[PDB]
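This report refers to the structure that appears directly beneath it.
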6 protein chains.
Amino acid sequence: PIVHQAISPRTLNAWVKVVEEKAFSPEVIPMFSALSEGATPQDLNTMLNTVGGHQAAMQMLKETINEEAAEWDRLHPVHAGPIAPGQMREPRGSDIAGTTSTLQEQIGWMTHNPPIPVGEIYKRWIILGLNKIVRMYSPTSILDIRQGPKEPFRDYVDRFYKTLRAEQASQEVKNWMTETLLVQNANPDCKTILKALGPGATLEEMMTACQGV
Amino acid sequence: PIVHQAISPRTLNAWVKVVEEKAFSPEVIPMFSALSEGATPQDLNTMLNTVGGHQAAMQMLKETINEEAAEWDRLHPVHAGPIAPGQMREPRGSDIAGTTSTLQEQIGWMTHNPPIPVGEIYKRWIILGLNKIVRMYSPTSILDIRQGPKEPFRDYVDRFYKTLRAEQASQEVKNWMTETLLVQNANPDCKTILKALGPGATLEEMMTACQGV
Amino acid sequence: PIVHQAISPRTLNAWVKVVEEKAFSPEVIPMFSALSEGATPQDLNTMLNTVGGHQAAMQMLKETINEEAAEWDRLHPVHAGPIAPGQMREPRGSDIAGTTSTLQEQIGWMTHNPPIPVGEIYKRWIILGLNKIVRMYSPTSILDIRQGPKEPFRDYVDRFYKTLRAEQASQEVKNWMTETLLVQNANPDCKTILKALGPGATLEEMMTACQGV
Amino acid sequence: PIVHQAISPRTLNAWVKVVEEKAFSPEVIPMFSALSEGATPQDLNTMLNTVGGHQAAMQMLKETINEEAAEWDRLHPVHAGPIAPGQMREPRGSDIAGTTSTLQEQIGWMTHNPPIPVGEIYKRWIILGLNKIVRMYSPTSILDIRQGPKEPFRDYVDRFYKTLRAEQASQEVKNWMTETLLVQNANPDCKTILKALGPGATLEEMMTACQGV
Amino acid sequence: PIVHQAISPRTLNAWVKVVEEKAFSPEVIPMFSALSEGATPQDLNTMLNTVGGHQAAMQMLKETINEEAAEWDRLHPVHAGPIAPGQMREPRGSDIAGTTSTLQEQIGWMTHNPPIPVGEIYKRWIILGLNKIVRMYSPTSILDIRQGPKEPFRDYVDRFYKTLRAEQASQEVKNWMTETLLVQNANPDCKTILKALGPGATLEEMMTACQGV
Amino acid sequence: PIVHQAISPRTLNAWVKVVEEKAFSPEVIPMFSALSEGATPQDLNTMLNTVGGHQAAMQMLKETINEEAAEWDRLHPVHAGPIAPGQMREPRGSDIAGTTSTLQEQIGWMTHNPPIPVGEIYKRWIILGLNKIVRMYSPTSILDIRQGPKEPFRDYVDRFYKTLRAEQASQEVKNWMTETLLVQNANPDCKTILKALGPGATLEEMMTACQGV
Ligand SMILES: Cc1[nH]c2ccccc2c1CC(=O)N[C@@H](Cc1ccccc1)C(=O)N(C)c1ccccc1
Ligand SMILES: Cc1[nH]c2ccccc2c1CC(=O)N[C@@H](Cc1ccccc1)C(=O)N(C)c1ccccc1
Ligand SMILES: Cc1[nH]c2ccccc2c1CC(=O)N[C@@H](Cc1ccccc1)C(=O)N(C)c1ccccc1
Ligand SMILES: Cc1[nH]c2ccccc2c1CC(=O)N[C@@H](Cc1ccccc1)C(=O)N(C)c1ccccc1
Ligand SMILES: Cc1[nH]c2ccccc2c1CC(=O)N[C@@H](Cc1ccccc1)C(=O)N(C)c1ccccc1
Ligand SMILES: Cc1[nH]c2ccccc2c1CC(=O)N[C@@H](Cc1ccccc1)C(=O)N(C)c1ccccc1
Ligand SMILES: [Cl-]
Ligand SMILES: [Cl-]
Ligand SMILES: [Cl-]
Ligand SMILES: [Cl-]
Ligand SMILES: [Cl-]
Ligand SMILES: [Cl-]
Ligand SMILES: [Cl-]
Ligand SMILES: [Cl-]
Ligand SMILES: [Cl-]
Ligand SMILES: [Cl-]
Ligand SMILES: [Cl-]
Ligand SMILES: [Cl-]
């Protein structure tokens, strides 16, 4: 990461083990982001290359990065000119993704006034592609989450918000799913109980209300 | 945490493993607090996102945070004005919870004269919500803790104060439960023995007194 | 601990694992003390809260701390007055135990000329309470330790000094137990052998003497 | 690595364990490169010597290094002359590979104005030889990767790009394999589906399209 | 250890695990010494207290320390006088063993011109007592080590020098045991072979000579 | 190692575990050398003492060191004279091996203008003795390595160069063994194939040539 310092063996080992155990579960992404705080594109690519298997996902992730790189290039067209002494060039999508830049060039951009934070830019595009993959490898839809007739409310809520966490939707949409589906898809016994509090009640209140039942 | 330094792989790994093994047992909270000393809201959210499962709890925790955020906003209304050079804006609940602020904005508030410690503020609200969840996921009530007819006193006391640690109550109330229930719910044999010391006796004295019996 | 630095994940993890494996065996206490070198009351309380189970002991430990706190208060009565700029208040038992002081207040006392070392003071009271608990949870008495008729001397000596380490007694008393009981409670065969050296002989000499027998 | 600092026990241990578990799988190479950031030729050779077994590969790796060393020597012929005070000699292939230079000589070249980065040069030649070995120890060819009649598309894509990652080919060639083979070798059912999007469709679109089938 | 720095959790954990696995095997002592480089008497005592079991040995170790303490006191008698400002007292055996001195007093002696290295002095006395215990808990004598009629020479030599390492003897004596016993106690077949080289032959030569046989 | 800094618990633990698992396999030596970068003779001896078992080897290693020490003494005879203030004595073989010098004396020699690097000198003599032992404990000879009639070429090459790595021979000799034996000892089927490339062919070419067969 940036200081340039080498990425620690236990950081790398942690990243590897995460993916083995959990595959593309939503929580892998914060872990990824945690493990890569202050990382350079080289460090980010290293991290992605140390994954074996899951190559279809890694390929999708590539394309997503290429798309983001091409978008960057459009907004930031590179001018012809000799980079003057005591000064650094403008980066291109490929430099951000680490394919056409060096470690020093990456070091150069990130430590400067102003900083051109290619680490945090590329990191944006990578997390972007990880969400698509999580979203894609999630098997079920939030509309299919229903409470079984004997299922403790708490377990339904765990399944509801787990499936929700992986959904393709903005916040306004997710608020709406919470507001509509949660109560809608409860089993009749508890569905009754909850309606009897109305739509101003907290999840604490709802969980404690259908607790016994 | 704050120095900004990345949160260590073993910190993160420790937090993950805690929750797998112990779920929402009261001792997870000091561990949480320990693992997050000097943490920024970004670091705190990272920690909370690396939990898979337990999403109903995480949702309740969200609401609790929103409530605390809205309370903060009431007491601290944000004024319109250009933030002047060499100066930093007033935070809003959403900035404290990390949703509408950057890492630098968080760094900005925490390192300053005076410090505006959004790390320790948000941490307050998170622990708050963890207590509610611990409290909620605790199965039994302190009123149900009774000594079995053959149960070594020491084992009853362990169950008493374990259930007590998870109770919804203030200190005055807990003193009262200790003072009333402990001796009240002992089995007849030992209940006799203890009454014969009176209400000035130490737990050491009480445990050593019903030791053989 | 003090530098304020956060307490390390492996310190915390070490403390947790100690108590799981060994419970309240005498050696847990040096470990505790080792793991808490330079710790603040907050750090000490953290460490104590990360223990689940064993709550009867933790309760006794509380009372012991309250007793020590009340004793401190007697010897150190707090005066009314405005704490003047460039100066720090006098601590009360509750501040030492971490319940009515902040991290900075604790930092304040410990780093100063002179230092008011609330870390090492509270640590005193905690170890105090741990000894009582070790002492209490020790099953046997040193008077009950006798050498079996076929028991290798070395194994008797291991049981003797293990039970001894956990006894409620001062040094003068322990010298006396060593001097009297060790030789007194040996089996007849070896009891003879040892008497034949007298009371000036080293444990090395005694162990090597009853070695074959 | 360079600061000279000793290479960490966990770095070394990590490198050893990598090769035991994964042999010469493509992902071992980024791991190698990660574990050796800032390494000297001595450190690089150490790392290679701590591998037991796999000696045929290590021998091929040697030859590759000798070839690269001899190529370096051709482009950089060494001049006769006394190395003047406050100055450092020109390196030869053998000095780069660590066989005819010292630690200080390596330290000398790497820290200087300009730097002569024998660490990153030799590292180039080593990774070069690792690719040949990965390439060689890869059992299958990309032309043999076909989708089974019941095989979920996602699993075919994983096998396609895994075999692809290990192929001997430049980027232009790999683009061509992706463009031609992937769709060509799909099973008839899904082959139809995909043709019906054409050759402008993303892997996301293709995977989600043959998802159900 | 000394800088005062707290002793690391993994140092402590390492020391504990050593004794569990290996008991009092000669190699535990270098490990002890390794783990305690730069340690204060407090740190040394901590290390010794974290051992459970083996208390007979710990008791012998105590006595040995008391003997060394009393010897120190004889050679270094303490003078009456007020320790003057900017100056430090003379230590007594009990101060060296950590029983009548503080951490600062220990810090005081060790960092000074001249240094009074109570860490390395007490460490001397501890290793002293560990040797006696190793020596004592070693079951066999070097005179009993004989080569079996089918026993590979190499295995006899391993048993010879293992038993030798644990013997009570000075270097002159050990040279003599090597010189006399090794060849003396070999089985007739190989005993012949070796005599036929004479007493100027290396262990390499001797091992390679009785290799096949 | 040198800064004097204590040798890390994980360094020591790593060294111990290496020898347990791998005994005296050639790769243990680079590991040894890696783990001991910048080590003092005291640190080197510590490392060697933490090995239990394998004492015949450790004894041979001693003799080898004594031989190297006596050779040093011959080339470097010690002069009589008072070591003058601001100056350090000339070392003797025994000082290099750590038996007649202190930690400071070792520190003294290694940090100086010029440096007298007793760490790297003694390390030379130790690795020297480790090679002899590896060489000796290697069971087979390179002349005995033949390809089985069904044995994949790659597996023969692994056995060839593994046995080769442990051989007593200089580089000129090893080049010759490679050049002569490898092709000579192949099975008839593949022996034919290879002869048909001649003696200018790379191991890559040879391995890929007998690949199918
Ligand atoms: C874990 C989770 N489940 C979801 C379901 C639907 C939509 C999103 C999610 C998330 C991610 C998720 O929302 N994580 C939270 C952090 C968090 C996690 C767990 C408890 C409390 C706070 C987050 O990243 N931020 C920025 C946040 C912070 C406070 C309030 C709201 C959001
Ligand atoms: C562990 C526990 N059990 C309880 C039951 C009822 C109410 C609270 C609890 C607690 C938490 C609990 O009280 N923890 C203690 C620390 C502690 C833990 C264990 C032993 C001694 C000190 C604490 O956080 N503080 C601030 C404290 C310190 C000294 C005295 C009183 C309180
Ligand atoms: C381990 C142990 N067993 C006992 C039995 C009765 C009374 C006390 C104990 C102890 C604790 C015990 O005495 N530990 C020793 C350290 C120690 C441990 C083991 C061997 C040598 C030195 C200690 O803390 N100190 C201050 C000490 C140091 C030197 C001499 C005497 C005491
Ligand atoms: C993992 C992999 N599979 C391949 C198949 C064919 C050819 C090459 C490969 C690779 C290595 C591979 O291409 N790794 C990527 C890093 C990477 C890995 C995984 C996902 C996203 C980015 C890489 O090293 N660089 C420089 C890169 C970065 C962005 C876009 C394109 C290339
Ligand atoms: C391991 C061992 N076995 C013995 C048998 C009899 C007497 C002593 C021992 C020892 C301890 C032993 O002698 N250890 C050696 C270190 C060592 C260990 C192993 C191989 C080479 C060097 C040691 O501490 N020193 C000071 C030493 C160094 C060089 C030559 C001679 C002695
Ligand atoms: C591993 C090994 N097998 C051998 C067989 C015969 C003779 C020696 C050996 C060795 C040790 C061996 O030669 N190790 C190599 C490092 C190395 C290891 C593995 C692959 C590439 C480079 C080494 O130490 N050096 C100095 C070296 C570096 C480049 C070229 C030639 C030698
Ligand atoms: Cl790669
Ligand atoms: Cl690409
Ligand atoms: Cl998230
Ligand atoms: Cl929300
Ligand atoms: Cl708590
Ligand atoms: Cl209380
Ligand atoms: Cl080697
Ligand atoms: Cl070579
Ligand atoms: Cl103790
Ligand atoms: Cl004593
Ligand atoms: Cl030793
Ligand atoms: Cl010797």
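We name chains A, B, ... following the order of the structure tokens; residues begin at 1 in each chain, and ligands are numbered from 1 as shown.
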Transformed chain E, reference chain C, full Cα set in order, as a compact mmCIF listing (two decimals) with C-alpha atoms, in the first residue's frame:
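Result file is part_10.txt:
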# COMPACT_ATOMS: atom_id res chain seq x y z
CA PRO E 1 -2.17 0.40 27.45
CA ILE E 2 -0.17 3.56 28.01
CA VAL E 3 2.17 5.33 25.58
CA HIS E 4 -2.84 5.90 24.75
CA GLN E 5 -2.51 2.80 22.66
CA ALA E 6 -5.20 0.25 21.91
CA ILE E 7 -4.88 -3.16 23.43
CA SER E 8 -3.77 -5.72 20.83
CA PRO E 9 -6.13 -8.36 19.36
CA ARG E 10 -3.70 -11.11 20.30
CA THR E 11 -3.39 -9.76 23.88
CA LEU E 12 -7.18 -9.92 24.19
CA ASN E 13 -7.39 -13.27 22.41
CA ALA E 14 -4.64 -14.63 24.72
CA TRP E 15 -6.50 -13.52 27.81
CA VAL E 16 -9.76 -15.12 26.60
CA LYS E 17 -8.06 -18.47 25.75
CA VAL E 18 -6.18 -18.61 29.08
CA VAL E 19 -9.48 -18.62 31.01
CA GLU E 20 -11.20 -21.14 28.79
CA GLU E 21 -8.40 -23.69 29.17
CA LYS E 22 -7.19 -23.10 32.73
CA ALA E 23 -10.13 -21.47 34.56
CA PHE E 24 -8.78 -20.07 37.82
CA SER E 25 -5.56 -21.93 38.19
CA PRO E 26 -2.86 -19.95 39.96
CA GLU E 27 -0.83 -19.49 36.74
CA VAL E 28 -3.66 -17.51 35.10
CA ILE E 29 -2.77 -14.60 37.38
CA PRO E 30 0.77 -14.00 36.23
CA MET E 31 -0.58 -14.41 32.73
CA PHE E 32 -3.21 -11.78 33.50
CA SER E 33 -0.54 -9.50 34.95
CA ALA E 34 1.77 -10.10 31.99
CA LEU E 35 -0.95 -9.40 29.45
CA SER E 36 -1.89 -6.15 31.26
CA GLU E 37 1.51 -4.49 31.72
CA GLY E 38 0.95 -0.70 31.45
CA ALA E 39 -2.84 -1.12 31.12
CA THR E 40 -5.40 1.58 31.97
CA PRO E 41 -8.52 0.85 34.05
CA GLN E 42 -10.54 0.88 30.86
CA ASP E 43 -8.13 -1.76 29.43
CA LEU E 44 -8.26 -3.79 32.64
CA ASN E 45 -12.13 -3.71 32.63
CA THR E 46 -12.19 -4.61 28.97
CA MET E 47 -10.08 -7.61 29.78
CA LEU E 48 -12.42 -8.62 32.58
CA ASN E 49 -15.53 -8.14 30.44
CA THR E 50 -14.30 -10.35 27.65
CA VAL E 51 -14.74 -13.33 29.99
CA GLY E 52 -18.03 -15.14 29.55
CA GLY E 53 -19.11 -17.62 32.16
CA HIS E 54 -17.43 -17.57 35.57
CA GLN E 55 -19.70 -14.76 36.65
CA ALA E 56 -19.91 -15.72 40.31
CA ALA E 57 -16.14 -15.17 40.40
CA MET E 58 -16.47 -11.89 38.52
CA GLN E 59 -19.09 -10.81 41.03
CA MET E 60 -16.83 -11.62 44.01
CA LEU E 61 -14.12 -9.69 42.15
CA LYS E 62 -16.39 -6.74 41.89
CA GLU E 63 -17.05 -6.70 45.68
CA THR E 64 -13.37 -6.93 46.43
CA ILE E 65 -12.81 -3.96 44.16
CA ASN E 66 -15.61 -2.02 45.88
CA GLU E 67 -14.07 -2.75 49.24
CA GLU E 68 -10.66 -1.52 48.01
CA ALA E 69 -12.28 1.51 46.42
CA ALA E 70 -14.03 2.44 49.70
CA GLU E 71 -10.74 1.97 51.58
CA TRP E 72 -8.93 4.30 49.12
CA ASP E 73 -11.70 6.89 49.60
CA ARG E 74 -11.27 6.80 53.36
CA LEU E 75 -7.50 7.41 53.17
CA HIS E 76 -7.90 9.85 50.29
CA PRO E 77 -10.86 12.17 50.91
CA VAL E 78 -11.66 14.45 47.90
CA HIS E 79 -11.57 18.22 48.52
CA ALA E 80 -14.02 20.72 47.00
CA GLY E 81 -12.35 23.25 44.66
CA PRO E 82 -12.08 24.24 40.99
CA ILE E 83 -9.42 22.26 39.27
CA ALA E 84 -7.08 24.97 38.11
CA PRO E 85 -5.75 25.27 34.50
CA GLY E 86 -2.64 23.10 33.97
CA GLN E 87 -3.67 20.68 36.76
CA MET E 88 -5.68 17.45 37.40
CA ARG E 89 -8.27 16.36 40.02
CA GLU E 90 -7.84 13.80 42.80
CA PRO E 91 -9.22 10.35 41.87
CA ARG E 92 -11.87 8.42 43.72
CA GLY E 93 -12.22 4.70 44.05
CA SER E 94 -14.73 4.75 41.23
CA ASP E 95 -12.31 6.69 38.97
CA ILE E 96 -9.60 4.10 39.73
CA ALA E 97 -11.94 1.23 38.88
CA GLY E 98 -12.85 3.06 35.66
CA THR E 99 -16.57 3.64 36.34
CA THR E 100 -16.54 7.45 36.94
CA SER E 101 -13.49 8.52 34.94
CA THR E 102 -12.74 8.94 31.20
CA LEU E 103 -9.83 7.59 29.13
CA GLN E 104 -8.22 11.06 29.17
CA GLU E 105 -8.69 11.41 32.92
CA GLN E 106 -6.93 8.03 33.27
CA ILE E 107 -4.28 9.16 30.75
CA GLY E 108 -4.01 12.40 32.71
CA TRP E 109 -3.19 10.82 36.06
CA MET E 110 -0.74 8.22 34.74
CA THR E 111 1.35 10.68 32.65
CA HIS E 112 2.24 13.54 34.99
CA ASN E 113 4.86 14.80 37.49
CA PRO E 114 4.29 13.09 39.83
CA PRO E 115 2.54 10.14 38.19
CA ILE E 116 -0.67 8.97 39.84
CA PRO E 117 -0.62 5.43 38.57
CA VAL E 118 -4.26 4.39 38.59
CA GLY E 119 -3.42 1.51 36.20
CA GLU E 120 -1.06 -0.14 38.68
CA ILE E 121 -3.32 0.74 41.64
CA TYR E 122 -6.46 -0.81 40.20
CA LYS E 123 -4.34 -3.72 38.96
CA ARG E 124 -3.40 -4.30 42.60
CA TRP E 125 -7.01 -4.57 43.62
CA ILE E 126 -7.88 -6.87 40.74
CA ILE E 127 -5.04 -9.32 41.46
CA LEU E 128 -6.09 -9.20 45.07
CA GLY E 129 -9.56 -10.43 44.07
CA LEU E 130 -8.18 -13.04 41.70
CA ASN E 131 -6.14 -14.62 44.54
CA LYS E 132 -9.25 -14.93 46.71
CA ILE E 133 -11.03 -16.69 43.84
CA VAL E 134 -8.10 -18.97 43.04
CA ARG E 135 -7.86 -19.69 46.74
CA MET E 136 -11.56 -20.40 46.89
CA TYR E 137 -11.82 -22.55 43.74
CA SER E 138 -8.84 -24.67 44.85
CA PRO E 139 -10.57 -27.94 45.97
CA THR E 140 -8.06 -29.39 48.47
CA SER E 141 -6.12 -28.26 51.56
CA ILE E 142 -2.33 -28.69 52.10
CA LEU E 143 -3.07 -30.76 55.23
CA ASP E 144 -4.79 -33.40 53.06
CA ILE E 145 -1.73 -33.93 50.77
CA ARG E 146 -0.23 -37.34 51.64
CA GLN E 147 2.17 -39.59 49.75
CA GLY E 148 0.62 -42.85 48.51
CA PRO E 149 2.43 -46.08 49.38
CA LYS E 150 3.61 -46.58 45.78
CA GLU E 151 3.73 -42.91 44.76
CA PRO E 152 7.01 -41.63 43.34
CA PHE E 153 8.33 -38.93 45.69
CA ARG E 154 8.59 -36.44 42.81
CA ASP E 155 4.82 -36.75 42.14
CA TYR E 156 3.97 -36.11 45.80
CA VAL E 157 6.19 -33.05 45.81
CA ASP E 158 4.40 -31.77 42.68
CA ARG E 159 1.05 -32.17 44.42
CA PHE E 160 2.36 -30.67 47.63
CA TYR E 161 3.63 -27.47 46.11
CA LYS E 162 0.73 -27.13 43.72
CA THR E 163 -1.79 -27.18 46.58
CA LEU E 164 0.61 -24.96 48.55
CA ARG E 165 0.74 -22.34 45.76
CA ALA E 166 -3.01 -21.94 46.08
CA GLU E 167 -3.18 -21.71 49.92
CA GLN E 168 -4.43 -18.78 51.93
CA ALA E 169 -1.34 -17.98 53.97
CA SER E 170 1.55 -15.57 54.43
CA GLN E 171 5.20 -16.52 53.79
CA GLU E 172 6.05 -17.27 57.34
CA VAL E 173 3.15 -19.75 57.35
CA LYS E 174 4.19 -21.36 54.04
CA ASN E 175 7.78 -21.83 55.26
CA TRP E 176 6.29 -23.57 58.22
CA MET E 177 4.11 -25.88 56.09
CA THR E 178 7.12 -26.79 54.00
CA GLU E 179 9.18 -27.36 57.08
CA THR E 180 6.63 -29.43 58.85
CA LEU E 181 4.21 -31.12 56.45
CA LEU E 182 6.36 -32.26 53.54
CA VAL E 183 8.45 -34.70 55.59
CA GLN E 184 5.60 -35.44 58.02
CA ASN E 185 3.22 -36.70 55.28
CA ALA E 186 5.68 -38.85 53.29
CA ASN E 187 5.09 -42.61 53.22
CA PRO E 188 6.89 -44.63 55.94
CA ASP E 189 9.65 -46.01 53.61
CA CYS E 190 10.84 -42.62 52.38
CA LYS E 191 9.85 -40.82 55.63
CA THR E 192 12.56 -42.90 57.30
CA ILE E 193 15.16 -42.13 54.59
CA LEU E 194 14.62 -38.35 54.88
CA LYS E 195 14.65 -38.16 58.68
CA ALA E 196 18.12 -39.59 58.28
CA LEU E 197 19.35 -36.41 56.68
CA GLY E 198 17.74 -34.11 59.16
CA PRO E 199 16.13 -30.71 58.68
CA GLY E 200 19.05 -29.04 56.99
CA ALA E 201 18.71 -30.93 53.71
CA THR E 202 17.78 -29.36 50.36
CA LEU E 203 14.82 -30.41 48.27
CA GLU E 204 17.41 -31.50 45.66
CA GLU E 205 18.98 -33.79 48.28
CA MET E 206 15.55 -34.99 49.48
CA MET E 207 14.30 -35.76 45.93
CA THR E 208 17.44 -37.49 44.86
CA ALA E 209 17.43 -39.44 48.20
CA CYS E 210 13.93 -40.95 47.80
CA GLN E 211 14.53 -41.25 44.02
CA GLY E 212 14.89 -45.03 43.69
CA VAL E 213 12.30 -45.64 46.42
| message | Among stretch 5-177 of chain D, which ones does DSSP assign to helix (DSSP H, G or I) (computed from the backbone)? Answer as an NGL selection string. | response | :D and (9-22 or 28-35 or 41-49 or 55-75 or 93-96 or 103-110 or 118-137 or 142-144 or 153-165 or 171-177)
